[PDB]
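Student: Hey, dropping model_14.tsv in here, TSV, C-alpha atoms:
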chain	number	residue	atom	x	y	z
A	345	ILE	CA	67.12	-51.80	-41.23
A	346	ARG	CA	68.26	-49.46	-38.36
A	347	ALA	CA	70.29	-52.46	-37.06
A	348	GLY	CA	71.97	-53.00	-40.51
A	349	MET	CA	70.03	-56.34	-40.83
A	350	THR	CA	68.55	-55.57	-44.31
A	351	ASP	CA	68.75	-59.31	-45.23
A	352	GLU	CA	66.66	-60.25	-42.15
A	353	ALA	CA	64.16	-57.52	-43.12
A	354	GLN	CA	63.89	-59.13	-46.62
A	355	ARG	CA	63.48	-62.65	-45.06
A	356	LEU	CA	60.76	-61.24	-42.74
A	357	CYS	CA	58.91	-59.65	-45.73
A	358	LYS	CA	59.03	-63.04	-47.62
A	359	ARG	CA	57.80	-64.98	-44.52
A	360	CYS	CA	54.90	-62.53	-43.91
A	361	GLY	CA	53.72	-63.09	-47.57
A	362	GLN	CA	55.04	-59.67	-48.78
A	363	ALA	CA	57.81	-60.90	-51.15
A	364	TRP	CA	57.09	-57.79	-53.31
A	365	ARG	CA	58.31	-55.54	-50.41
A	366	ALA	CA	61.43	-57.71	-50.03
A	367	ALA	CA	62.23	-56.92	-53.70
A	368	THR	CA	61.76	-53.13	-53.06
A	369	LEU	CA	64.51	-53.36	-50.35
A	370	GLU	CA	67.05	-54.63	-52.99
A	371	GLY	CA	66.94	-51.57	-55.32
A	372	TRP	CA	69.89	-49.95	-53.43
A	373	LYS	CA	72.40	-52.62	-54.79
A	374	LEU	CA	75.30	-51.08	-56.87
A	375	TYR	CA	75.29	-52.04	-60.56
A	376	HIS	CA	78.21	-54.31	-61.54
A	377	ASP	CA	78.85	-56.34	-64.70
A	378	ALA	CA	82.04	-58.38	-64.19
A	379	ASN	CA	81.88	-59.43	-67.90
A	380	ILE	CA	82.62	-55.86	-69.26
A	381	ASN	CA	86.42	-56.37	-68.82
A	382	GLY	CA	86.57	-59.83	-70.59
A	383	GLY	CA	86.76	-62.66	-67.97
A	384	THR	CA	87.43	-66.38	-68.83
A	385	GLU	CA	84.16	-67.39	-67.08
A	386	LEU	CA	80.76	-65.65	-67.44
A	387	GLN	CA	79.74	-64.15	-64.07
A	388	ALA	CA	76.21	-63.11	-63.08
A	389	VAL	CA	75.35	-59.35	-63.31
A	390	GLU	CA	74.90	-57.71	-59.85
A	391	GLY	CA	72.82	-54.79	-58.55
A	392	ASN	CA	70.12	-52.59	-60.07
A	393	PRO	CA	70.95	-50.75	-63.37
A	394	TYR	CA	67.78	-48.61	-62.78
A	395	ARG	CA	68.88	-47.36	-59.30
A	396	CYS	CA	68.17	-43.69	-60.06
A	397	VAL	CA	64.50	-44.50	-60.97
A	398	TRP	CA	64.14	-46.75	-57.90
A	399	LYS	CA	65.67	-44.03	-55.60
A	400	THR	CA	63.32	-41.37	-57.08
A	401	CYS	CA	60.34	-43.69	-56.39
B	337	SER	CA	87.16	-62.10	-119.77
B	338	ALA	CA	84.53	-63.41	-122.26
B	339	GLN	CA	82.58	-61.65	-125.08
B	340	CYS	CA	79.59	-62.00	-122.70
B	341	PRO	CA	80.67	-59.80	-119.68
B	342	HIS	CA	79.66	-60.85	-116.13
B	343	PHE	CA	78.35	-58.74	-113.22
B	344	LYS	CA	78.74	-59.89	-109.56
B	345	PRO	CA	77.87	-57.77	-106.53
B	346	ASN	CA	80.97	-56.26	-104.94
B	347	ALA	CA	81.39	-59.09	-102.34
B	348	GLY	CA	78.85	-58.35	-99.76
B	349	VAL	CA	80.04	-55.04	-98.22
B	350	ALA	CA	77.73	-52.06	-97.35
B	351	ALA	CA	74.53	-52.98	-99.15
B	352	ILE	CA	72.60	-52.89	-95.78
B	353	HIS	CA	73.83	-49.29	-95.20
B	354	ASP	CA	73.05	-48.34	-98.85
B	355	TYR	CA	69.43	-49.65	-98.40
B	356	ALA	CA	68.98	-48.23	-94.85
B	357	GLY	CA	70.51	-44.91	-96.11
B	358	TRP	CA	68.15	-44.92	-99.17
B	359	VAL	CA	64.95	-45.39	-97.07
B	360	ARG	CA	66.32	-42.69	-94.65
B	361	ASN	CA	66.05	-40.38	-97.71
B	362	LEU	CA	62.58	-41.64	-98.92
B	363	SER	CA	61.35	-40.83	-95.34
B	364	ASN	CA	61.91	-37.17	-96.26
B	365	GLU	CA	58.90	-37.44	-98.67
B	366	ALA	CA	57.32	-40.82	-97.57
B	367	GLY	CA	54.59	-38.94	-95.64
B	368	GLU	CA	52.39	-39.21	-98.78
B	369	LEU	CA	53.84	-42.12	-100.84
B	370	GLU	CA	52.07	-45.42	-99.94
B	371	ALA	CA	52.65	-48.66	-101.95
B	372	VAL	CA	54.64	-51.18	-99.80
B	373	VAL	CA	57.31	-48.84	-98.33
B	374	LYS	CA	56.52	-49.96	-94.70
B	375	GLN	CA	56.54	-53.70	-95.73
B	376	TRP	CA	59.98	-53.30	-97.42
B	377	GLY	CA	61.17	-51.10	-94.47
B	378	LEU	CA	60.20	-53.83	-91.94
B	379	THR	CA	62.07	-56.47	-94.04
B	380	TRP	CA	65.30	-54.49	-94.71
B	381	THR	CA	65.60	-53.18	-91.10
B	382	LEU	CA	65.02	-56.77	-89.85
B	383	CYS	CA	67.88	-57.89	-92.18
B	384	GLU	CA	70.04	-55.09	-90.65
B	385	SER	CA	69.17	-56.22	-87.06
B	386	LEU	CA	69.91	-59.93	-87.86
B	387	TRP	CA	72.78	-60.31	-90.35
B	388	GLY	CA	73.49	-56.65	-89.99
B	389	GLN	CA	76.39	-57.52	-89.83
B	390	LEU	CA	77.67	-53.87	-89.84
B	391	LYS	CA	79.13	-50.93	-87.90
B	392	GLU	CA	77.88	-50.40	-84.32
B	393	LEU	CA	79.86	-47.26	-83.30
B	394	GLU	CA	82.80	-49.71	-83.18
B	395	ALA	CA	80.96	-52.81	-81.82
B	396	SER	CA	84.08	-53.57	-80.78
B	397	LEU	CA	86.39	-50.55	-80.16
B	398	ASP	CA	89.00	-53.18	-79.18
B	399	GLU	CA	88.01	-56.92	-79.28
B	400	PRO	CA	84.74	-58.96	-79.59
B	401	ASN	CA	83.52	-61.47	-76.93
B	402	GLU	CA	80.65	-63.58	-78.35
B	403	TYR	CA	78.51	-62.92	-75.21
B	404	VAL	CA	78.90	-59.12	-75.79
B	405	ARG	CA	78.40	-59.53	-79.60
B	406	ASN	CA	75.11	-61.44	-78.97
B	407	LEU	CA	73.88	-59.10	-76.15
B	408	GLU	CA	74.59	-56.10	-78.46
B	409	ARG	CA	72.55	-57.81	-81.24
B	410	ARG	CA	69.74	-58.31	-78.63
B	411	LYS	CA	69.98	-54.51	-77.89
B	412	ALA	CA	69.81	-53.64	-81.63
B	413	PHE	CA	66.91	-56.09	-82.33
B	414	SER	CA	65.12	-54.88	-79.13
B	415	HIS	CA	65.42	-51.29	-80.47
B	416	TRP	CA	64.05	-52.49	-83.86
B	417	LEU	CA	61.08	-54.29	-82.18
B	418	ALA	CA	60.28	-51.21	-80.03
B	419	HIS	CA	60.43	-48.97	-83.18
B	420	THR	CA	58.10	-51.43	-85.10
Just give me the structure as structure tokens.
Tutor:
Amino acid sequence: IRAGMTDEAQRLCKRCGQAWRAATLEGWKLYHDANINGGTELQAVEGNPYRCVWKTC
Amino acid sequence: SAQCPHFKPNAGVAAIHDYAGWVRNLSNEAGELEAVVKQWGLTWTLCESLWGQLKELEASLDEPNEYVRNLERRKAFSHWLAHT
């Protein structure tokens, strides 16, 4: 994480059998719904809409 | 038009808000009236969640996209289920 390698930290958590901890490292992802503005193709919702709760935890 | 007059509901516009508004007045004294008010309340609020098909604080302020329309019905029916 100190090296900016948060994706390698998540891969390491999954490999060590701690996939739950890998999921806790994703709660800092900015909420984005590309469908709010009316696109021609449905895009997948990004980030954590409950960021404030996750950050407080 | 005939010597036997004919009623027909005003074509179907607001009855869900008349019924939901009516039970939102019976709730003022429903604390002690028990017959089948909860049974009818479950049914008519289900009908509002499903074929509501009414105002949603402008559910659309501008234009409707069927994905949004269906997600917004899943929000309204999820709020009904939580309240039940």
Student: As JSON, numbers by chain, please: the residues near residue A:377 (cut-off 9 Å, only C-alpha atoms, same-chain neighbours under 4 positions excluded).
Tutor: {"A": [381, 387, 388, 389, 390, 391]}
Student: With a cut-off of 9 Å, could you pull out the residues of chain B touching chain A and give me the nearest pair of atoms for each, distance in Å to one decimal, using only C-alpha atoms, ordered by chain and ascending number, as CSV?
Tutor:
residue,atom,partner,partner_atom,distance
B:401,CA,A:382,CA,7.2
B:403,CA,A:386,CA,8.5
B:404,CA,A:380,CA,8.2
Student: Pick from B:360, B:416, B:346, B:390: nearest to residue B:373, with all atoms listed in the file counted?
Tutor: B:360
Student: Distance cut-off 12 Å, centre (62.2, -56.0, -44.6) in file coordinates, counting only C-alpha atoms: which residues qualify? Return them as a PDB file with C-alpha atoms, in the frame of the given file.
Tutor:
ATOM      1  CA  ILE A 345      67.120 -51.800 -41.230  1.00  0.00           C
ATOM      2  CA  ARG A 346      68.260 -49.460 -38.360  1.00  0.00           C
ATOM      3  CA  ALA A 347      70.290 -52.460 -37.060  1.00  0.00           C
ATOM      4  CA  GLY A 348      71.970 -53.000 -40.510  1.00  0.00           C
ATOM      5  CA  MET A 349      70.030 -56.340 -40.830  1.00  0.00           C
ATOM      6  CA  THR A 350      68.550 -55.570 -44.310  1.00  0.00           C
ATOM      7  CA  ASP A 351      68.750 -59.310 -45.230  1.00  0.00           C
ATOM      8  CA  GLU A 352      66.660 -60.250 -42.150  1.00  0.00           C
ATOM      9  CA  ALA A 353      64.160 -57.520 -43.120  1.00  0.00           C
ATOM     10  CA  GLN A 354      63.890 -59.130 -46.620  1.00  0.00           C
ATOM     11  CA  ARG A 355      63.480 -62.650 -45.060  1.00  0.00           C
ATOM     12  CA  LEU A 356      60.760 -61.240 -42.740  1.00  0.00           C
ATOM     13  CA  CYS A 357      58.910 -59.650 -45.730  1.00  0.00           C
ATOM     14  CA  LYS A 358      59.030 -63.040 -47.620  1.00  0.00           C
ATOM     15  CA  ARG A 359      57.800 -64.980 -44.520  1.00  0.00           C
ATOM     16  CA  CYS A 360      54.900 -62.530 -43.910  1.00  0.00           C
ATOM     17  CA  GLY A 361      53.720 -63.090 -47.570  1.00  0.00           C
ATOM     18  CA  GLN A 362      55.040 -59.670 -48.780  1.00  0.00           C
ATOM     19  CA  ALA A 363      57.810 -60.900 -51.150  1.00  0.00           C
ATOM     20  CA  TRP A 364      57.090 -57.790 -53.310  1.00  0.00           C
ATOM     21  CA  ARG A 365      58.310 -55.540 -50.410  1.00  0.00           C
ATOM     22  CA  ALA A 366      61.430 -57.710 -50.030  1.00  0.00           C
ATOM     23  CA  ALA A 367      62.230 -56.920 -53.700  1.00  0.00           C
ATOM     24  CA  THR A 368      61.760 -53.130 -53.060  1.00  0.00           C
ATOM     25  CA  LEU A 369      64.510 -53.360 -50.350  1.00  0.00           C
ATOM     26  CA  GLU A 370      67.050 -54.630 -52.990  1.00  0.00           C
TER      27      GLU A 370
END
Student: One decimal, Å: what's the distance from atom CA of residue A:373 over to atom CA of residue A:397, could you say?
Tutor: 12.9 Å
Student: What gap, in Å, lies between atom CA of residue B:381 and atom CA of residue B:352?
Tutor: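 These two atoms are separated by 8.4 Å.
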Student: Any idea what's packed within 9 Å of residue A:395, counting only C-alpha atoms, ignoring anything in its chain fewer than 5 positions away? Could you give it as a PyMOL selection string?
Tutor: chain A and resi 371-375+400
Student: Starting from the incomplete input, reconstruct N, CA, C and O atoms of stretch 343-362 of chain B and report them as an mmCIF file, in the frame of the given file.
Tutor:
data_model
loop_
_atom_site.group_PDB
_atom_site.id
_atom_site.type_symbol
_atom_site.label_atom_id
_atom_site.label_comp_id
_atom_site.auth_asym_id
_atom_site.auth_seq_id
_atom_site.Cartn_x
_atom_site.Cartn_y
_atom_site.Cartn_z
ATOM 1 N N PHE B 343 78.501 -59.491 -114.461
ATOM 2 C CA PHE B 343 78.350 -58.740 -113.220
ATOM 3 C C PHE B 343 78.329 -59.678 -112.006
ATOM 4 O O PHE B 343 77.768 -60.771 -112.095
ATOM 5 N N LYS B 344 78.903 -59.248 -110.875
ATOM 6 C CA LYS B 344 78.740 -59.890 -109.560
ATOM 7 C C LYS B 344 78.807 -58.851 -108.426
ATOM 8 O O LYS B 344 79.637 -57.944 -108.529
ATOM 9 N N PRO B 345 77.846 -58.864 -107.502
ATOM 10 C CA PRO B 345 77.870 -57.770 -106.530
ATOM 11 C C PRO B 345 79.243 -57.616 -105.920
ATOM 12 O O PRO B 345 79.884 -58.643 -105.675
ATOM 13 N N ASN B 346 79.701 -56.396 -105.653
ATOM 14 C CA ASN B 346 80.970 -56.260 -104.940
ATOM 15 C C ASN B 346 80.766 -57.146 -103.715
ATOM 16 O O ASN B 346 79.794 -56.937 -102.992
ATOM 17 N N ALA B 347 81.638 -58.121 -103.445
ATOM 18 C CA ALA B 347 81.390 -59.090 -102.340
ATOM 19 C C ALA B 347 80.992 -58.413 -101.004
ATOM 20 O O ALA B 347 81.581 -57.404 -100.621
ATOM 21 N N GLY B 348 80.048 -59.022 -100.272
ATOM 22 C CA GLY B 348 78.850 -58.350 -99.760
ATOM 23 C C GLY B 348 79.254 -57.316 -98.723
ATOM 24 O O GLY B 348 79.321 -57.657 -97.537
ATOM 25 N N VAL B 349 79.505 -56.062 -99.134
ATOM 26 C CA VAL B 349 80.040 -55.040 -98.220
ATOM 27 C C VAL B 349 79.411 -53.653 -98.283
ATOM 28 O O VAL B 349 79.849 -52.878 -99.118
ATOM 29 N N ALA B 350 78.343 -53.392 -97.541
ATOM 30 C CA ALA B 350 77.730 -52.060 -97.350
ATOM 31 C C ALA B 350 76.330 -52.052 -97.911
ATOM 32 O O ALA B 350 75.668 -51.052 -97.786
ATOM 33 N N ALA B 351 75.874 -53.114 -98.573
ATOM 34 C CA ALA B 351 74.530 -52.980 -99.150
ATOM 35 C C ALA B 351 73.449 -52.655 -98.100
ATOM 36 O O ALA B 351 72.530 -51.896 -98.386
ATOM 37 N N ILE B 352 73.568 -53.160 -96.864
ATOM 38 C CA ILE B 352 72.600 -52.890 -95.780
ATOM 39 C C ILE B 352 72.576 -51.400 -95.431
ATOM 40 O O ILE B 352 71.504 -50.848 -95.189
ATOM 41 N N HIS B 353 73.733 -50.732 -95.450
ATOM 42 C CA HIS B 353 73.830 -49.290 -95.200
ATOM 43 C C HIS B 353 73.431 -48.453 -96.420
ATOM 44 O O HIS B 353 72.864 -47.377 -96.230
ATOM 45 N N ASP B 354 73.639 -48.944 -97.648
ATOM 46 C CA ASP B 354 73.050 -48.340 -98.850
ATOM 47 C C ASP B 354 71.509 -48.371 -98.787
ATOM 48 O O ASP B 354 70.868 -47.331 -98.944
ATOM 49 N N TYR B 355 70.895 -49.527 -98.493
ATOM 50 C CA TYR B 355 69.430 -49.650 -98.400
ATOM 51 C C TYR B 355 68.846 -48.874 -97.214
ATOM 52 O O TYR B 355 67.883 -48.124 -97.388
ATOM 53 N N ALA B 356 69.430 -48.991 -96.017
ATOM 54 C CA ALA B 356 68.980 -48.230 -94.850
ATOM 55 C C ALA B 356 69.188 -46.715 -95.048
ATOM 56 O O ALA B 356 68.345 -45.922 -94.634
ATOM 57 N N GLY B 357 70.269 -46.299 -95.716
ATOM 58 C CA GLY B 357 70.510 -44.910 -96.110
ATOM 59 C C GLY B 357 69.504 -44.402 -97.155
ATOM 60 O O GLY B 357 69.000 -43.287 -97.025
ATOM 61 N N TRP B 358 69.156 -45.225 -98.143
ATOM 62 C CA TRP B 358 68.150 -44.920 -99.170
ATOM 63 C C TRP B 358 66.756 -44.704 -98.571
ATOM 64 O O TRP B 358 66.137 -43.674 -98.847
ATOM 65 N N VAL B 359 66.269 -45.596 -97.699
ATOM 66 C CA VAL B 359 64.950 -45.390 -97.070
ATOM 67 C C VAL B 359 64.963 -44.203 -96.099
ATOM 68 O O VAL B 359 63.994 -43.450 -96.061
ATOM 69 N N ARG B 360 66.090 -43.931 -95.423
ATOM 70 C CA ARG B 360 66.320 -42.690 -94.650
ATOM 71 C C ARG B 360 66.451 -41.411 -95.500
ATOM 72 O O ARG B 360 66.689 -40.333 -94.952
ATOM 73 N N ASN B 361 66.306 -41.512 -96.824
ATOM 74 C CA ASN B 361 66.050 -40.380 -97.710
ATOM 75 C C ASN B 361 64.588 -40.375 -98.209
ATOM 76 O O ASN B 361 63.959 -39.323 -98.172
ATOM 77 N N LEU B 362 64.010 -41.534 -98.563
ATOM 78 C CA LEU B 362 62.580 -41.640 -98.920
ATOM 79 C C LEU B 362 61.640 -41.197 -97.783
ATOM 80 O O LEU B 362 60.585 -40.632 -98.058
#
